[PDB]
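Each remark here refers to the structure printed beneath this line.
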Amino acid sequence: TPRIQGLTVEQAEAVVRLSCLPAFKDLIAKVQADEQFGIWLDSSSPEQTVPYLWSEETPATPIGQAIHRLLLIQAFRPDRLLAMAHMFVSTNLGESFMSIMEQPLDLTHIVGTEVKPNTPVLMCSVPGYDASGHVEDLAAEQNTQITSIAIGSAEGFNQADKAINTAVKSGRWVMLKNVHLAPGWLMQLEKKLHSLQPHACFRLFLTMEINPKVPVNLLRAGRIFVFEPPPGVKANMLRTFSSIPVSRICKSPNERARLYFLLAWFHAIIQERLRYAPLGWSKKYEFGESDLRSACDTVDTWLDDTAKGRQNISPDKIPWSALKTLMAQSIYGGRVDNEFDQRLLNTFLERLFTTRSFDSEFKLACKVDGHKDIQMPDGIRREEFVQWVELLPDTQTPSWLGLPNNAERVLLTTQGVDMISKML
């Protein structure tokens, strides 16, 4: 592994890792002859501007050029490997091959026609996301009665059996909540379903969170439907503001809405900071909806005790140290194991939760991309806050979190080496 100027040791190792094939015998010579090679290495999207580095004697096919680009990128810039696998499959299978999935999933016709009656609609949902909105939208759009139930008891078992016996003849779209908590009942449902003769309009939605306790034969005979919470600080804040009711945030005093906005921003920034582990947190915790609910109850009761029904209080009147200590030691620092992670949560709360965050000068996230800054909306109402989070920029660098801007890059290169291993 030599030290090529402009190439890292890993890049030279990957050059050796591909250099057993006659397309790139003199790839070191080609790279050292390419003057704009460093500029291309610094490019934001190098896939569309791959320089001519493959050497051959014949006019190569577009698939050959695409795989030459893939070879060179795994040599040099492995971060863009997933996006150029996207355009590589676009090269040899059409650009509209995956254009349905870089697009919100059209569930309606697919579940109405492409799903067998005897194959239940496996309603997979990652924890933290609830997909009952989709089945409610479907039920509203066909305008028929739907029995959405929660399976958590023997009475729930009996009602589920009665509803299944009704729906197997009525042809109904029936959703069964949190079925992953009863693996034995799920096994019973599957082994009955394999012998069932369902209606041509009857399908079962099995809303589950990711657990390895599910029946493998149900996964055999199931129409899997995996969703995710859409990535984005904006998406997390909109989800938080959709879950939080309007009355609770509009209730007096008028700084309660600002405190809830601070809570939503903090929860969104930590939850988005989970997905860039290990640099965000040293391990993946579960900052969930119950954690947000505990935080909301804490701030609600402490602000109620402080204000005692006052329609306005001073920015210095708010128990900032009380909320800081409750967050860091009981709400979100309880699951924190390492003291380094505890200190990190403390520094988040020191920056965010303070009395200095009620003026126009303060910034929610300093040095976004080194030059831009984000400032709080000065409105005092939930409508103004939700308008500010609607009108946020679509771009979201890791400096929004506080991670350096190359956090997305290191996540991409870890995803690329995982792509290599998973396809191996």
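Its first residue numbered 3921, the sequence shown is counted upward by one per residue in full-length UniProt numbering. The beta-carbon is built from N, C-alpha and C at its ideal position, and this holds for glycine as well.
Quiz item: Among all the DSSP beta bridges, which residues are the ones paired with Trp4093?
Solution: Taking the sequence shown and counting its residues from 1, the one referred to as residue 4093 is at position 173. Bridge partners of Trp4093 according to DSSP: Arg4123.
Exercise. Give the DSSP-derived three-state secondary structure of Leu4025 in the structure shown.
Key: Translated into the one-based positions of the sequence shown, residue 4025 becomes position 105. Reduced to three states, the DSSP call for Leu4025 is coil.
Quiz item: Whole-angstrom Cβ separation of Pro4235 and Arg4143, contact assumed at under 8 Å?
Solution: Here residue 4235 corresponds to residue number 315 of the sequence shown, with the count starting at 1. Here residue 4143 corresponds to residue number 223 of the sequence shown, with the count starting at 1. With 8 Å as the limit, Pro4235 and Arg4143 do not qualify as a contact, their Cβ atoms being about 54 Å apart.
Exercise. Excluding the 5 residues preceding and the 5 following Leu4001 in the sequence, name in chain order all residues of the same chain whose CB lies nearer than 7 Å to its CB.
Key: Taking the sequence shown and counting its residues from 1, one reaches residue 4001 at position 81. Take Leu4001, set aside five residues on each side of it, and the residues of its chain with a beta-carbon closer than 7 Å to its own are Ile3993, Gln3994, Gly4336, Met4339, in chain order.
Quiz item: Can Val4288 and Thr4317 be called in contact, C-beta distance under 8 Å?
Solution: Looking up residue 4288 in the sequence shown gives position 368. Looking up residue 4317 in the sequence shown gives position 397. The Cβ-Cβ distance between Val4288 and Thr4317 falls below 8 Å.
Quiz item: Does DSSP put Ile3948 in a helix, a strand or coil?
Solution: For this step, residue 3948 is matched to residue 28 along the sequence shown. DSSP places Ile3948 in helix when its eight states are reduced to three.
Quiz item: Taking Cβ to Cβ, would you say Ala4215 is nearer than 8 Å to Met4247?
Solution: On the sequence shown, residue 4215 is found 295 positions in, with the first residue counted as 1. On the sequence shown, residue 4247 is found 327 positions in, with the first residue counted as 1. In contact: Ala4215 and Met4247 (Cβ atoms closer than 8 Å).
Practice problem: Just tell me which of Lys4171, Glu4209, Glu4281, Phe4278 has its CA closest to the CA of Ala4227. | Solution: Numbered from its first residue, the sequence shown carries residue 4227 at position 307. When only C-alpha atoms are compared, the closest one is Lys4171.
Self-check item: Pairwise C-alpha distance: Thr4033 and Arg3997
Solution: Counted from its first residue, the sequence shown places residue 3997 at position 77. Counted from its first residue, the sequence shown places residue 4033 at position 113. The straight-line gap from Cα to Cα measures roughly 43 Å.
Exercise. Could you check what DSSP says for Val4041 in three-state terms: helix, strand or coil?
Key: Along the sequence shown, read from residue 1 onward, the residue named residue 4041 stands at position 121. The answer is strand: DSSP assigns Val4041 an E or B state.
Quiz item: Just curious, the alpha helix (DSSP H) that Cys4216 is in, first and last residue?
Solution: Mapped onto the sequence shown, residue 4216 falls at position 296. Start and end: 4209 to 4227.
Quiz item: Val4055 to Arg4159, Cα distance in whole Å?
Solution: Within the sequence shown, numbered from 1, the residue matching residue 4055 stands at position 135. Within the sequence shown, numbered from 1, the residue matching residue 4159 stands at position 239. Going by the C-alpha atoms only, they are around 18 Å apart.
Exercise. Work out the CA separation of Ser4241 and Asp4224 for me, nearest whole Å.
Key: Here residue 4224 refers to the residue found at position 304 of the sequence shown. Here residue 4241 refers to the residue found at position 321 of the sequence shown. For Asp4224 and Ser4241, the distance between alpha carbons rounds to 16 Å.
Quiz item: Three or more beta-carbon pairs under 8 Å between the region 4096 to 4104 and the region 4019 to 4039, yes or no?
Solution: Here the region 4096 to 4104 does not lie against the region 4019 to 4039, with fewer than 3 beta-carbon pairs under 8 Å apart.
Practice problem: Please confirm whether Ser3939 and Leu3947 have their CB atoms less than 8 Å apart. | Solution: Counting from 1 along the sequence shown, the entry for residue 3939 is found at position 19. Counting from 1 along the sequence shown, the entry for residue 3947 is found at position 27. Cβ distance < 8 Å, so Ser3939 and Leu3947 count as in contact.
Quiz item: Can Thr4127 and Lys4089 be called in contact, C-beta distance under 8 Å?
Solution: Stepping through the sequence shown from its first residue, residue 4127 is reached at position 207. Stepping through the sequence shown from its first residue, residue 4089 is reached at position 169. For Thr4127 and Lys4089, no; Cβs fall outside 8 Å.
Quiz item: DSSP state of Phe4147, grouped into three classes?
Solution: Here residue 4147 refers to the residue found at position 227 of the sequence shown. Strand.
Quiz item: Tell me which same chain residues have a C-beta within less than 8 Å of the C-beta of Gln3931, skipping the five on either side of it?
Solution: Taking the sequence shown and counting its residues from 1, one reaches residue 3931 at position 11. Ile3924, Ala3995, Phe3996, listed in sequence order.
Quiz item: Just to confirm, are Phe4207 and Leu4194 a CB contact at a threshold of 8 Å?
Solution: Mapped onto the sequence shown, residue 4207 falls at position 287. Mapped onto the sequence shown, residue 4194 falls at position 274. For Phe4207 and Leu4194, yes; Cβs fall inside 8 Å.
Quiz item: When you compare only the Cα positions, how much space is there between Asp4081 and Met4043?
Solution: Sequence index remark: in the sequence shown, residue 4081 carries index 161 (1-based). Sequence index remark: in the sequence shown, residue 4043 carries index 123 (1-based). In a straight line, the C-alpha of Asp4081 is about 19 Å away from that of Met4043.
Quiz item: DSSP beta-bridge partners for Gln4295?
Solution: As a position in the sequence shown, residue 4295 is number 375, starting the count at 1. The partner list for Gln4295 (beta bridge, DSSP) reads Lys4283.
Quiz item: Just reading off the alpha helix (DSSP H) that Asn4137 is part of, what are its end residues?
Solution: The residue labelled residue 4137 in the question sits at position 217 within the sequence shown. Its alpha helix (DSSP H) spans residues 4136 to 4140.
Exercise. Could I get the ranges of all uninterrupted alpha helix (DSSP H) runs contained in the region 4288 to 4334, with 4 residues as the minimum, in chain order?
Key: If we require 4 residues or more, the alpha helix (DSSP H) runs fully inside the region 4288 to 4334 come out as 4302 to 4310.
Quiz item: Does the separation of the CB atoms of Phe4161 and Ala4184 fall below 8 Å?
Solution: For the purposes of this step, residue 4161 is taken as residue 241 along the sequence shown, with counting starting at 1. For the purposes of this step, residue 4184 is taken as residue 264 along the sequence shown, with counting starting at 1. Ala4184 sits close to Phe4161, with the two beta carbons spaced by under 8 Å.
Exercise. Identify whether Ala4070 lies in helix, strand or coil by the three-state DSSP scheme.
Key: Within the sequence shown, numbered from 1, the residue matching residue 4070 stands at position 150. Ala4070 falls in the strand class under three-state DSSP.
Quiz prompt | Complete alpha helix (DSSP H) runs within the region 3944 to 4014 (minimum length 4 residues, chain order) | solution = Those alpha helix (DSSP H) runs which fall completely within the region 3944 to 4014 and span 4+ residues are 3947 to 3953, 3957 to 3961, 3982 to 3996, 4001 to 4013.
Quiz item: Rounded to a whole number of angstroms, what is the C-alpha to C-alpha distance between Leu4243 and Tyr4252?
Solution: Taking the first residue of the sequence shown as 1, we reach residue 4243 at position 323. Taking the first residue of the sequence shown as 1, we reach residue 4252 at position 332. Answer to the nearest angstrom: the Cα atoms are 11 Å apart.
Quiz item: Going straight from the alpha carbon of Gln4065 to that of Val4035, what length do you get?
Solution: The sequence position of residue 4065 within the sequence shown is 145, counting from 1. The sequence position of residue 4035 within the sequence shown is 115, counting from 1. Those two C-alpha atoms are separated by around 20 Å.
Quiz item: Which residues share a DSSP beta bridge with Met4128?
Solution: Position 208 of the sequence shown, counting from 1, holds the residue named residue 4128. Looking at the DSSP assignment, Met4128 forms a beta bridge with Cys4044.
Quiz item: Secondary structure at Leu4265, three-state DSSP: helix, strand or coil?
Solution: Walking along the sequence shown from the start, residue 4265 turns up at place 345. Helix, per DSSP.
Quiz item: Near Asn4131, which residues of its chain fall below 6 Å by C-beta distance, leaving aside the five closest residues on each side in sequence?
Solution: If you number the sequence shown from 1, residue 4131 lands on position 211. Exclusion of the five residues before and after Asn4131 leaves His4100 as the residues of its chain whose Cβ lies within less than 6 Å of its Cβ.
Self-check item: Where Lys4154 falls, given that 16 or more other Cβ within 10 Å makes a residue buried
Solution: By one-based count along the sequence shown, residue 4154 stands at place 234. The residue in question, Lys4154, is buried, as its Cβ has 16 or more Cβ neighbours within 10 Å.
Quiz prompt | Cβ pair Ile4164, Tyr4180 closer than 8 Å | solution = By 1-based counting over the sequence shown, the position of residue 4164 is 244. By 1-based counting over the sequence shown, the position of residue 4180 is 260. Yes.
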